[PDB]
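Next comes input-v4.txt, with compact mmCIF, N, CA and C atoms.
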# COMPACT_ATOMS: atom_id res chain seq x y z
N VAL A 683 109.42 81.09 102.39
CA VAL A 683 110.71 80.55 101.98
C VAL A 683 111.17 81.20 100.67
N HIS A 684 112.46 81.51 100.60
CA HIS A 684 113.03 82.14 99.40
C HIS A 684 113.65 81.09 98.48
N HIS A 685 114.21 81.55 97.37
CA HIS A 685 114.91 80.66 96.45
C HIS A 685 116.37 81.09 96.30
N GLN A 686 117.13 80.29 95.54
CA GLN A 686 118.52 80.62 95.26
C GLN A 686 118.94 80.05 93.91
N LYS A 687 118.54 80.73 92.84
CA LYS A 687 118.86 80.30 91.49
C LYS A 687 120.10 81.03 90.97
N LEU A 688 120.88 81.58 91.91
CA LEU A 688 122.15 82.21 91.56
C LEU A 688 123.18 81.17 91.14
N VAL A 689 122.88 79.90 91.45
CA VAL A 689 123.77 78.80 91.08
C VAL A 689 123.54 78.39 89.62
N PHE A 690 122.60 79.07 88.96
CA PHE A 690 122.29 78.77 87.57
C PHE A 690 123.42 79.24 86.65
N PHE A 691 124.13 80.27 87.09
CA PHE A 691 125.26 80.79 86.33
C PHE A 691 126.52 79.97 86.59
N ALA A 692 126.36 78.85 87.30
CA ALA A 692 127.49 77.98 87.61
C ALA A 692 127.93 77.21 86.37
N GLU A 693 127.08 77.19 85.35
CA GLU A 693 127.37 76.45 84.12
C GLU A 693 128.51 77.11 83.35
N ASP A 694 128.99 78.24 83.86
CA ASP A 694 130.05 78.99 83.20
C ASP A 694 131.38 78.25 83.32
N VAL A 695 131.45 77.29 84.24
CA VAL A 695 132.64 76.47 84.40
C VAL A 695 132.92 75.66 83.13
N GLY A 696 131.89 75.47 82.31
CA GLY A 696 132.05 74.74 81.06
C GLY A 696 132.82 75.57 80.04
N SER A 697 132.63 75.25 78.76
CA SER A 697 133.34 75.94 77.68
C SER A 697 132.40 76.25 76.52
N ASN A 698 132.23 75.28 75.62
CA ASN A 698 131.48 75.51 74.38
C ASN A 698 130.84 74.21 73.89
N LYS A 699 131.32 73.69 72.77
CA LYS A 699 130.81 72.43 72.22
C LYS A 699 130.88 71.32 73.27
N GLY A 700 131.97 71.29 74.02
CA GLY A 700 132.17 70.24 75.02
C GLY A 700 131.18 70.38 76.17
N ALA A 701 130.60 71.57 76.29
CA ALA A 701 129.62 71.84 77.33
C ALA A 701 128.28 71.17 77.01
N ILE A 702 128.12 70.74 75.76
CA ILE A 702 126.91 70.03 75.35
C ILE A 702 126.71 68.79 76.21
N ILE A 703 127.81 68.13 76.55
CA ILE A 703 127.76 66.90 77.33
C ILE A 703 127.31 67.20 78.76
N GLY A 704 127.79 68.32 79.29
CA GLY A 704 127.38 68.76 80.62
C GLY A 704 125.92 69.19 80.62
N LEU A 705 125.54 69.97 79.61
CA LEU A 705 124.18 70.48 79.50
C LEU A 705 123.20 69.34 79.24
N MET A 706 123.69 68.29 78.57
CA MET A 706 122.84 67.14 78.25
C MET A 706 122.52 66.35 79.51
N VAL A 707 123.56 66.01 80.27
CA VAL A 707 123.39 65.21 81.48
C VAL A 707 122.69 66.03 82.57
N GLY A 708 123.07 67.30 82.67
CA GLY A 708 122.44 68.20 83.64
C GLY A 708 121.08 68.68 83.14
N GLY A 709 120.75 68.34 81.90
CA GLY A 709 119.56 68.87 81.25
C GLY A 709 118.32 68.06 81.64
N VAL A 710 118.51 67.11 82.55
CA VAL A 710 117.44 66.18 82.91
C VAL A 710 116.35 66.91 83.70
N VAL A 711 116.76 67.87 84.52
CA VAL A 711 115.82 68.62 85.34
C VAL A 711 115.10 69.67 84.50
N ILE A 712 115.83 70.28 83.58
CA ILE A 712 115.24 71.25 82.66
C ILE A 712 114.29 70.56 81.69
N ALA A 713 114.61 69.32 81.34
CA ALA A 713 113.76 68.54 80.45
C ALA A 713 112.36 68.38 81.05
N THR A 714 112.32 67.89 82.29
CA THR A 714 111.06 67.59 82.95
C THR A 714 110.24 68.86 83.16
N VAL A 715 110.94 69.98 83.34
CA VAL A 715 110.28 71.27 83.53
C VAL A 715 109.58 71.71 82.25
N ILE A 716 110.31 71.66 81.15
CA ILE A 716 109.78 72.06 79.85
C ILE A 716 108.75 71.04 79.36
N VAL A 717 108.98 69.77 79.68
CA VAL A 717 108.11 68.70 79.23
C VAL A 717 106.78 68.74 79.97
N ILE A 718 106.85 68.91 81.29
CA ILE A 718 105.65 69.09 82.10
C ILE A 718 104.82 70.25 81.57
N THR A 719 105.49 71.33 81.18
CA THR A 719 104.81 72.49 80.62
C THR A 719 104.17 72.14 79.28
N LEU A 720 104.85 71.29 78.52
CA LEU A 720 104.39 70.94 77.18
C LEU A 720 103.07 70.18 77.25
N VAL A 721 102.86 69.46 78.36
CA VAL A 721 101.62 68.73 78.57
C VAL A 721 100.43 69.69 78.54
N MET A 722 100.56 70.79 79.27
CA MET A 722 99.47 71.76 79.39
C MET A 722 99.38 72.61 78.13
N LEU A 723 100.52 72.81 77.47
CA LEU A 723 100.55 73.56 76.22
C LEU A 723 100.10 72.69 75.05
N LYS A 724 100.09 71.38 75.29
CA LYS A 724 99.73 70.40 74.25
C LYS A 724 100.02 70.94 72.85
N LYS A 725 101.26 70.76 72.40
CA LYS A 725 101.68 71.26 71.10
C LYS A 725 100.85 70.63 69.98
N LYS A 726 100.33 71.48 69.10
CA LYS A 726 99.47 71.02 68.01
C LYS A 726 98.33 70.15 68.54
N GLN A 727 97.41 70.77 69.28
CA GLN A 727 96.23 70.07 69.77
C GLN A 727 96.64 68.83 70.56
N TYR A 728 95.88 67.75 70.41
CA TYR A 728 96.26 66.46 70.97
C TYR A 728 97.11 65.67 69.98

Once more with this new file: its structure as structure tokens, please.
Amino acid sequence: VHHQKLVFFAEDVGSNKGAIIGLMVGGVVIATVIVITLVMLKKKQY
């Protein structure tokens, strides 16, 4: 099975400062991705 992350550039519909609100609400999936990674990276030891 392949992927399709070409929709990642869809955020261009936004603008600038006001895009913070879009990136914040849409940032829920990116949060869990980076956060899950942070578990294994365990920042500053335990």

Find the distance between atom N of residue A:722 and atom C of residue A:702 and write it in Å to one decimal.
-> 26.4 Å

Rounded to one decimal place, report the atom CA of residue A:701-atom CA of residue A:716 distance in Å.
->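 According to the coordinates, atom CA of residue A:701 and atom CA of residue A:716 are separated by 20.0 Å.
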
Interatomic distance (Å, one decimal) between atom CA of residue A:689 and atom N of residue A:718 =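 Going from atom CA of residue A:689 over to atom N of residue A:718 covers 21.9 Å.
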
Report as JSON, numbers by chain: the residues of chain A with a DSSP assignment of alpha helix (DSSP H), based on the backbone of this structure.
-> {"A": [701, 702, 703, 704, 705, 706, 707, 710, 711, 712, 713, 714, 715, 716, 717, 718, 719, 720, 721, 722, 723]}

Box dimensions and centre (Å, one decimal) enclosing stretch 691-710 of chain A, axis-aligned, 3 Å extra per side, as AutoDock Vina command-line options:
--center_x 124.8 --center_y 73.0 --center_z 79.9 --size_x 23.0 --size_y 21.6 --size_z 21.4
